[PDB]
């Protein structure tokens, strides 16, 4: 989920946009 | 939606919890 | 902190604090 | 601001800024 991709690993715009509505 | 209940009117815990997963 | 007008980042912060591990959805429109 | 480790309120803030009017969902678990 987002925590794995962005908190415990380095986040990216690409991944953040996966969680926009 | 949440903006109507919490931003343009006074928010509440009751209403915020409506938007928890 | 919840019993006020809350907009934008201020509203997202309140959701974050209230909802805890559950998480939340923010849909402004 | 997006290319870093982002946790908790710091992560919610980045979602808020990126997603704009769309809004977003935050599900940590």
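Each reported figure results from applying straightforward, stated rules to the coordinates on display, with no laboratory input. Ideal geometry is used to build each Cβ from the backbone, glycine not excepted, and the neighbour counts take in all protein chains shown.
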query: For the range A:1-17, which residues satisfy the criterion of being surrounded by 13 or more Cβ atoms within 10 Å (Cβ to Cβ) and more than 15 Å from residue D:9 (Cα to Cα)?
result: A:1, A:5, A:10, A:12, A:15, A:17
- prompt: Which of the residues spanning the range C:16-29 are closer than 16 Å to residue B:8 by Cα and touching a strand residue (DSSP E or B) at 6+ places or on another chain (Cβ under 7 Å)?
  reply: C:26
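Tally up the residues in the range C:1-25 that are under 16 Å from residue B:21 (Cβ atoms), at the interface with chain B (Cβ under 7 Å from one of its Cβ atoms) and touching a residue at least 12 places away in the same chain (Cβ under 8 Å), please.
Residues flagged as under 16 Å from residue B:21 (Cβ atoms), at the interface with chain B (Cβ under 7 Å from one of its Cβ atoms) and touching a residue at least 12 places away in the same chain (Cβ under 8 Å) within the range C:1-25 amount to 2.
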- prompt: Across the range B:3-21, what is the total count of residues that are in contact with a helix residue (DSSP H, G or I) (Cβ under 7 Å, 6 or more places away or on another chain) and at the interface with another protein chain (Cβ under 7 Å from one of its Cβ atoms)?
  reply: 9
